[PDB]
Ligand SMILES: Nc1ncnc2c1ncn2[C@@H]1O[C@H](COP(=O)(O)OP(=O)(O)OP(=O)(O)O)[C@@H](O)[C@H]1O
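A single chain comes next, written as structure tokens; it is the form solved without this ligand.
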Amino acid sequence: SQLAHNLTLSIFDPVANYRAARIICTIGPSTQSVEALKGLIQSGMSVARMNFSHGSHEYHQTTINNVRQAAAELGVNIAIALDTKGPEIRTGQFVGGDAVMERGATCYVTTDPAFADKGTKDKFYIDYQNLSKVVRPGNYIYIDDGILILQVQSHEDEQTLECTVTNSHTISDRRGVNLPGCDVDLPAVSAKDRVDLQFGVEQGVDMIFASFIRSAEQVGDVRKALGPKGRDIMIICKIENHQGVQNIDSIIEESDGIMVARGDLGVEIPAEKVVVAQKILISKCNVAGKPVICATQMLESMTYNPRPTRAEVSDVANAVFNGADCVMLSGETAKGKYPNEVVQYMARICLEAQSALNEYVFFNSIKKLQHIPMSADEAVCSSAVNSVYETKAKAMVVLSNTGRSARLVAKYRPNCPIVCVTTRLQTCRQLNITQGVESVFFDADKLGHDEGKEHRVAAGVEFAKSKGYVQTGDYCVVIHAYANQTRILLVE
């Protein structure tokens, strides 16, 4: 019924009084200082991403420290995400640091370590030791962000493949390779990841963006790598190839959420199919009640230009229309010239799209897919959201300690803000990747367990009032316990 909703819209009508979508910002030289982070927060950042593909632990410690300091000074809660380097397939080195590959020419790719240092255009090293047994004749080898394409002709020997160069491209040392038609059987985490994941646990990071997730089993490996002390850290699986896409159901099941890495997917998969995979992955996550992130190549041109392209704007809006919880910035904030302006524009685009989005369509579609009998939690949350639509309530208040009930309510897409009142600061931070929720910390050790729920509900209603969401005479739908209890509250 989005079509019917479109008919009634006017672009000169006022936007909504809240932005549901959440913005993730990659931190770098442009943004690591406390003042720059404060600018980012004020601009609309909810999550600070650390890209562990670059920088040392000391560098990322500065990010961690500065984020917390910036957040404390503004009196907000900012999530900290550790995005892993992950397993990689790279070529070796070349003689003269270069190799001119030409269309029609024959070359030999080998997994023999002896050729790691002495590669040429004729024969060179690829560090993936299972390359030969995974590839068949006819398969393609992509090298250097998929620019150079090789086609496998035959097995020259156990370690060496005879290849045709399908297009002219010059490659340098240690370039990344992709196997578009092959199942890559590299482990879930690299040696570097294990060290980085333990550091993340020690430093109290909120979530892991786990690279190159290909199967459900690998999610559990990441979990093992985090250890017992890292059990409450969210694992967001980055979907980067056909295996991740094909195994999406079982991966979603095990994960705490999904990143749609469009650029990485686009190395192996045609761009038009990636648009569609984005649609599928987001909708599957919406149904699972798990956060989903739209990432890479969002407003890329705004890295060095003061404005992005028109197509980039439509990309951001359509991620929201698709149902994304979050939209992500990489180089635009990490190394960009206009970090504040890009985040501010991203927020503006999201808000505009949201105002056009018919939330009821999401609620109705998701409700109709539920199997009857529903469990108590599911019934309470869907009914609560239904009560919002039926009474035209102007806010929801959800008491949630772990964040579970808040995510379950957000899943059903009410057309008003959700205020989550929680007794855990880490819940405040982790809910920053869930659309349409804002969190209020209730310090139970300071103020009491509030067994009758009245103090926490009042904290919720008050926050909603301070934001202008509700006033005297408005309805507010309250849910508390997982979640098995609902009230329709008249605001005083």
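Heads up: residue numbers just count along the shown sequence, starting at 1. Only the largest set of C-alpha atoms that superpose within 1.5 Å between the two forms is called the rigid core.
Separately, the form deposited with this ligand bound exists; it is not shown, and the next lines address it.
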Handout entry: One residue of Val184, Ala334, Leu148, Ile252 in contact with this ligand, assessed in the bound PDB entry (non-hydrogen atom, 4.5 angstroms)
Key = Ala334
Handout entry: Selected contact from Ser383, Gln278, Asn247, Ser330, since only one has a non-hydrogen atom within 4.5 angstroms of this ligand in the bound PDB entry
Key = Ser330
Problem - Close approach of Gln426 to this ligand in the bound PDB entry, 4.5 Å, heavy atom - result: no
Handout entry: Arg90: touches this ligand in the bound PDB entry, heavy atom cutoff 4.5 angstroms
Key = yes
Handout entry: Contact label in the bound PDB entry: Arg214 to this ligand, heavy atom within 4.5 Å
Key = no
Practice task
Indicate whether this ligand has at least one heavy atom within 4.5 Å of a heavy atom of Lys411 in the bound PDB entry.
Solution key: no
Completion exercise
Here the chain appears without its partner; judged in the bound PDB entry, the stretch of 436-444, 461-469, 66-74, 25-33 with heavy atoms within 4.5 Å of this ligand is 25-33
Completion exercise
Of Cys326, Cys416, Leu82, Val177, Cα shift of 2 Å or more between the shown form and the other one on rigid-core superposition seen only for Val177
Completion exercise
Evidently the Cα separation of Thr296 and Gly176 changes by 3 Å or more in the bound PDB entry, so the atoms lie closer
Completion exercise
One pair moves by 3 angstroms or more in the bound PDB entry: the C-alpha atoms of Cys163 and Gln246, which are farther
